[PDB]
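K.L.:
just the first chains of my complex for now:
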Amino acid sequence: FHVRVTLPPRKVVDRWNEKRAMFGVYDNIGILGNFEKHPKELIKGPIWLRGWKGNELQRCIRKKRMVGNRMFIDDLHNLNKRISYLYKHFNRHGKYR
Amino acid sequence: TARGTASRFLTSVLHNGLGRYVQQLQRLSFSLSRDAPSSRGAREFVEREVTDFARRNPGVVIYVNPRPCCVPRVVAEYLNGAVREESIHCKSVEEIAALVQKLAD
Amino acid sequence: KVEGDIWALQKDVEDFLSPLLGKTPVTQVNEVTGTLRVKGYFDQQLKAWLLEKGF
Amino acid sequence: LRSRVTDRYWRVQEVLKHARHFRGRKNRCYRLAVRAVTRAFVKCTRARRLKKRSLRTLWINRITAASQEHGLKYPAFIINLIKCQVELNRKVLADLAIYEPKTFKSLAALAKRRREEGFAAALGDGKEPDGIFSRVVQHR
Amino acid sequence: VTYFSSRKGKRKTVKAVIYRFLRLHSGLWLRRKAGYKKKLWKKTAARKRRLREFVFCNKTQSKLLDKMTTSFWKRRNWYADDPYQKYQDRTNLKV
Amino acid sequence: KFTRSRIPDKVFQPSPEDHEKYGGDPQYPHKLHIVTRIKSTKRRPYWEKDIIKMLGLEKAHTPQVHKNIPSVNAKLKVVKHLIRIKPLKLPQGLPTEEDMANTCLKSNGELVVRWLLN
Amino acid sequence: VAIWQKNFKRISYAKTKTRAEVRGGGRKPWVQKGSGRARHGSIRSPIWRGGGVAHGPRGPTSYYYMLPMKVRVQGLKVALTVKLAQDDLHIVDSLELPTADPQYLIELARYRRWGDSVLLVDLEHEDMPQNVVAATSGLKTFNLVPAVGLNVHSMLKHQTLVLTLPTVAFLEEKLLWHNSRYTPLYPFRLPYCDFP
Amino acid sequence: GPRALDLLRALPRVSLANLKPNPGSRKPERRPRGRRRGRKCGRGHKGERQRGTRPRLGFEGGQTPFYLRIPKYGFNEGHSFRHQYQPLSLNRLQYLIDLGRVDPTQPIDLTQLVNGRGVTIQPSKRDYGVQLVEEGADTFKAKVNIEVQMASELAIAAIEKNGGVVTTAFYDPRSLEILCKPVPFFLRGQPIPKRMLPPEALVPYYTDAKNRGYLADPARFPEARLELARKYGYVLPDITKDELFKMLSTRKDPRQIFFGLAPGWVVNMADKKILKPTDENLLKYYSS
């Protein structure tokens, strides 16, 4: 349970750095922008996850449908197994039925 | 627990209340932040109450320090030499007032 | 959509509904939402009464 | 986002400070110590209720010593003190017995007198006599 | 019941329900009586009538059937010529 | 089976000596009961538990007052082994509205109207 | 709305391996009975040292949701209202600046007591005067943003809001449009009778 | 207006630092830690359920399940193929006209109802269109030219009395979809398709003047129409002598989806131009 004996270097975060100052800027792009682009377009991320959401099973299932043929063998195999597991678990296990 | 801790007999300091009564609390020191929210109550207390408190108790010297702290404390100090530390951190004006009274008596 | 002193409106609504039930109607005022909420279905009679006052 | 408990140290001290004065490994090892400390608190509160009984029994033993000195058994002394409308709890009575032997011999004299008065009235078989100390006063 | 399907990740319906029950929009379920086509010669005409009925299911059964059945089946239906359109709203219910 | 129990009316026909004994007047029945719950409802059947609850007798060694009408006497008869019943007495009579604050109830079962003058 | 702006963008890439994805341990490390010790399957079980993580984070995860239109609009209205009611909103004409020295801007905000941070809203991105752009490109606290980039978060981050006059005339119309509008038949980016 | 605003002068800035979700908005979740929510953690003790394995939903523990002992009966039988007509009461029609959503001046068909959001069609659910129902019959004062896919005697009667005209038209599913949301179709870049005919079951409906069917022989119209008066006891107005009459007489071809456009044209909405085929084969196909 030994706790560190030396004060860490105090980390100074300036909140006025560029990324923090400009945060959330174009979020209203739809409303103020005479709707053309939905805020989804702003989302930088994995291809299957842009502007979408879901529980781990749905997530995996979707990843496989979209990028499943660009995947590495090991990773595709792992994904299939994860899907099968999650399927069995969600459908057949739990308290609530 | 009682076997666990120390103990003492009932006493007064300097036979107080025999000849005359002497308020034993000597000085009171507050430390708070003008800015920080944690000290909010303690600030209000300093605004309204401290003044009046100081009249109600002529014998105690009250030192108020605004300084950049995250945890406002009040240090009671007694004729006995005894020093008692307290944290007024994140309390009402009401709570602090009651606390300062306990310290006074 | 109640803009104003909502307490006024509560007074008038319970003074309006009281002769109907024999007793003051139970109410909830949401001052921040600008909303009044009444126990029971008075919907018709209240639209009538708010029409009469010209809102 | 991994979160580990950093302060575990203090978590342990709040148990271990209560365990310092124990004998054996109970005073070091958190497992053993925890169980021992809990047992100590439980035993403690139960004893907080017990203490009052113990003290009252002490007082009764002392009052009995004190009375027996004067040739008066305990029950007689106590109830015949009640029948004089003298209500002194046993705490105070024991302290008189120790620190005020005179006043206590007086109390004992009173009780003995009141008792004899009682026997006198029960054997007498009449309503007329009221012993001086057998009179019952009402509040004013 | 499949709570999350494999392809769609949605929740499947148990078709075995949809063949024997009927959901009014009020939430009442309607069912045939059991054994109503069975051994008719052997039965009283009174009993036969009691069997030819369409009857309502208790709350428990209803909730069970609702769970076993997706959202699509609870939608408001307007059918032309429908016998049961008369019965889909509830009236004068003080509870 | 252990069940509820009938109590034959003969039990409640008082003998002429009983009046002398318990201090009741042969001619006039008393108006009010002071009932106290002397025993515990535990280890007794649920119905006695209920009767005790609806007599206001929940707390032990606390007095409660009840009409001497038959409606009440019935329930009291059910639980009579759990309680102590003593007639309320009024030496100074019933309290007026000036006497409400000064009222007290003495253990002989009597209600004194003026308590502690000056 | 502030919470929304913060979260809806977020994608957590935090992944842990389940006892399935860890490197080895397809085999029972000793026999079920007689060895005298605890029974185990794979040495990669979540109990074991190097083993898989019992629950832990899974996959890139998206937190994404949409607050209904009228709510985000209302949010913007309210932010504006509150900036005004607390005296921290300043309607400016122009935006023409006498010079490109940012020190001028800082000291200007000192003379009018504008607080530490300032949000300067302009009507369009190309039409911004060059003196402003120069001055404000080298400043941390003073931030220049076009109208379509107005938002709740940025308004609560900066102590003071500065709105151009045509910008006001823009916002007023854009936000007000929603009190009187039908629910969308199809997306508003398509042809509508009255609507652009 | 909002006196709340005046309390905001007195209080500190609204910032990101002080923000409270409305009380009650978030019911805090609870985790199986500690003395209360730990130690069997709401799962009970042993058995099938503490282990998470209890059987599927309908399963009754081996006795023949309730939902399977009840006999099959056609209830939902063929449900997908039943026609569905979204009801529109005269009360709603009147209420829409009164508030200036649909205007009675020009002819009212499905697209007009949809654009006022007086009604919502979803063809995918096998909605075949709007039907007209009589709820507001007595109260109905408007003068309209209306085209619906079904109507009741009473509804028609209530429209005639006011000097309007009702006609029942048919749209097939594709036609219908195109009709209800026209602008999404015009971005599709396809010609305007032929309106299909009704199927064999629905022919005796649209061929009758009783229903004022769009395929009905107009010779019977003024006859049957007058009949409806004798029954409900009102004087039938002469629609001919009215000033709005040229609009009231307006029909569609039984093969046409819209008013004034024609099967086989193409709407280029960026140029605001229409395009029509000059070819003979195309013109024979689309005009048949």
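P.N.:
Alright, I've got the coordinates. Numbering: from 1, shown residues only, chains lettered A, B, ... in the order given.

K.L.:
contact partners for residue 94?
P.N.:
All of this refers to chain A. residue H:52 (C-beta atoms under 8 Å, 6 or more residues apart in numbering or on different chains). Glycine gets a C-beta too; all of them are placed from N, C-alpha and C.

K.L.:
my question was about chain H
P.N.:
By C-beta under 8 Å, 6+ apart, the neighbours of residue H:94 are H:136, H:139-142.

K.L.:
same check on residue A:63?
P.N.:
Applying C-beta under 8 Å, 6+ apart to residue A:63 gives the contacts A:46, A:48, A:79, G:59.

K.L.:
burial count for the closest residue to the second one other than its chain neighbours?
P.N.:
Translated: residue A:48. Closest residue to residue A:48 apart from its sequence neighbours, by C-beta to C-beta, 6 or more residues apart in numbering or on different chains: residue A:66 at 4.3 Å. Neighbours of residue A:66 under the rule other C-beta atoms under 10 Å in any protein chain shown: 12.

K.L.:
can you pull the contacts of residue 26?
P.N.:
No chain specified, so I'll use chain A. Contacts of residue A:26 by C-beta under 8 Å, 6+ apart are A:39, A:42, G:148-149, G:151.

K.L.:
wait, chain D
P.N.:
D:19, D:32-33, D:36.

K.L.:
thinking again about what came up before, pretty sure the residue nearest to residue A:48 contacts residue A:46?
P.N.:
No: shown here, residue A:66 and residue A:46 do not form a contact pair, counting by C-beta atoms under 8 Å, at 9.3 Å.

K.L.:
nearest to chain A among the contacts of residue H:94?
P.N.:
residue H:142 (35.3 Å; C-beta to the nearest C-beta).

K.L.:
which strand or helix spans the residue lying closest to that closest one once chain neighbours are set aside?
P.N.:
Distances taken as C-beta to C-beta, 6+ apart put residue H:97 closest to residue H:142, at 4.9 Å, once the chain neighbours are dropped. Using DSSP states H and E, residue H:97 sits in helix H:90-98.

K.L.:
residue E:16 - that's part of a strand, no?
P.N.:
No: counting by DSSP: H, G, I helix; E, B strand; the rest coil, residue E:16 is not found in a strand; it is helix.

K.L.:
give the contact list for it.
P.N.:
When contacts are counted by C-beta under 8 Å, 6+ apart, residue E:16 touches H:67-68.

K.L.:
build in RNA strand I:
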RNA sequence: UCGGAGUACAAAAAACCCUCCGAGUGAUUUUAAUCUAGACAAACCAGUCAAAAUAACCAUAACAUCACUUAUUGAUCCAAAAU
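P.N.:
Next up, RNA strand I placed on what we already have:
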């Protein structure tokens, strides 16, 4: 598996590898309809009664009867029948 008596003394319910009798149908002609208020019974499924109203028949005509009458019985699906 179903029913009757005792257990289970007087509303109901009530167990046993408890005590005793039974049922897995005959015989007969009075061939015993439709629809519906309200109930009994009941975990569910199943079981029970039943007024008014229709239609059948004397021209204001609806309980099949007997054998202790109580029990003489079997869900879905699926198969054969065609109503």
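
K.L.:
can you check the contacts of residue A:63 again with RNA strand I included?
P.N.:
Taking C-beta under 8 Å, 6+ apart, one finds A:46, A:48, A:79, G:59 in contact with residue A:63.

K.L.:
thought residue A:60 was touching the third one, still the case?
P.N.:
It refers to residue A:79. Yes: judged on C-beta under 8 Å, residue A:79 makes contact with residue A:60 at a distance of 6.1 Å.

K.L.:
between the two, who's got more neighbours?
P.N.:
Shown here are residue A:79 and residue A:60; by other C-beta under 10 Å, residue A:60 has more neighbours (23 against 19).

K.L.:
report the contact partners of that one.
P.N.:
So residue A:60 contacts A:79, A:82-83, A:86, G:59 (C-beta under 8 Å, 6+ apart).

K.L.:
secondary structure and distance to residue F:103 added to these, as TSV?
P.N.:
Shown next, in TSV, are the contacts of residue A:60 (DSSP: H, G, I helix; E, B strand; the rest coil; distance: C-beta to C-beta, whole Å):
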residue	secondary structure	distance to residue F:103
A:79	helix	85
A:82	helix	80
A:83	helix	81
A:86	helix	75
G:59	coil	77
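
K.L.:
list just the nearest of these to residue H:284.
P.N.:
Lowest distance from residue H:284 to those (C-beta to C-beta) belongs to residue A:83, with 54.8 Å.

K.L.:
what kind of secondary structure is the nearest residue to the closest one once chain neighbours are set aside in?
P.N.:
Counting by C-beta to C-beta, 6+ apart, residue A:83 lies nearest to residue A:60, which is 5.1 Å off, once chain neighbours are set aside. Here residue A:60 is helix, with the state taken from three-state DSSP.

K.L.:
quick one: residue A:60 from residue G:46, how far?
P.N.:
As defined by C-beta to C-beta, to the nearest Å, residue A:60 lies at a distance of 20 Å from residue G:46.

K.L.:
same question for residue H:33.
P.N.:
When residue H:33 is compared with residue G:46 (using C-beta to C-beta), they lie 18 Å apart.

K.L.:
and residue H:53, by the same measure?
P.N.:
For residue H:53 relative to residue G:46 (C-beta to C-beta), the value is 20 Å.

K.L.:
ok, now residue B:26?
P.N.:
Taking C-beta to C-beta, one finds residue B:26 at 60 Å from residue G:46.

K.L.:
wait, what's in contact with residue E:64?
P.N.:
Residue E:64 neighbours (C-beta under 8 Å, 6+ apart): H:57-58, H:66-67.

K.L.:
build in RNA strand J:
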RNA sequence: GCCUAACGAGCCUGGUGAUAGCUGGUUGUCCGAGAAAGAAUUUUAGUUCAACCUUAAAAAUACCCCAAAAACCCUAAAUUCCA
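P.N.:
Putting RNA strand J together with the chains above:
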């Protein structure tokens, strides 16, 4: 029997996070209420219904209950029902 120290059928890897109605385990504090079994079931080491119970919500009567009242041979403690 023997097939690389365990062969009623080798070993290793993969299927695999096999599946266990069976055992074990399940991590802060304090407060509010709070449960012993009728029914089916390859079911009695389990489920799913009742009855209880918990959290909200609408109501109006809820227990307690004197006469009167509930069987034919004999039959108790007592039930049922109710102002």
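
K.L.:
once more for the contacts of residue E:16, now including RNA strand J?
P.N.:
With C-beta under 8 Å, 6+ apart, residue E:16 has these contacts: H:67-68.

K.L.:
residue H:147 - how many residues pack around it?
P.N.:
Neighbours of residue H:147 using other C-beta under 10 Å come to 27.

K.L.:
all helices of the chain, in order?
P.N.:
Picking chain A for this. Along chain A, counting by DSSP state H, helices occupy A:18-21, A:56-67, A:73-92.

K.L.:
actually chain G
P.N.:
Using DSSP H, helices in chain G cover G:2-7, G:69-85, G:102-111, G:130-137, G:152-157, G:165-176.

K.L.:
then chain D?
P.N.:
Counting by DSSP H, the helices of chain D are D:8-16, D:30-69, D:74-82, D:90-99, D:101-124.

K.L.:
now the second one against helix D:101-124, angle please.
P.N.:
Same thing as helix D:30-69. With axes from the mean of the first three to the mean of the last three C-alpha atoms, to 10 degrees applied, the angle from helix D:30-69 to helix D:101-124 works out at 60 degrees.

K.L.:
how about the residues of chain D near chain A?
P.N.:
Counting by C-beta under 8 Å from any C-beta of the partner chain, chain D comes close to chain A at D:6-9, D:12.

K.L.:
ramachandran angles for the residue in the stretch 51-200 of chain H that chain A sits nearest to?
P.N.:
Sorted by distance to chain A under C-beta to the nearest C-beta, the residues of the stretch 51-200 of chain H start with residue H:52, at 4.6 Å. Dihedral angles of residue H:52 (phi, psi; degrees, to the nearest 10) stand at phi 90, psi 10.

K.L.:
chain B versus that one, what's the distance?
P.N.:
43 Å (C-beta to the nearest C-beta, to the nearest Å).

K.L.:
ok, that residue touching residue A:97?
P.N.:
No: Residue H:52 lies out of contact with residue A:97 (C-beta under 8 Å); the separation is 10.1 Å.

K.L.:
count of neighbours near whichever residue of chain E sits closest to RNA strand J?
P.N.:
Nearest residue of chain E to RNA strand J: residue E:60, at 3.8 Å (C-beta to the nearest atom of the strand). Close neighbours of residue E:60, defined as other C-beta under 10 Å, add up to 9.

K.L.:
cool, the one 10 residues further on as well?
P.N.:
Residue E:70 has 15 neighbouring residues, counting by other C-beta under 10 Å.

K.L.:
hmm, it is touching residue E:14, no?
P.N.:
No: applying C-beta under 8 Å as the test, residue E:70 and residue E:14 come out as separate, 9.2 Å apart.

K.L.:
if anything else comes up later, I'll come back, but that's it for now.
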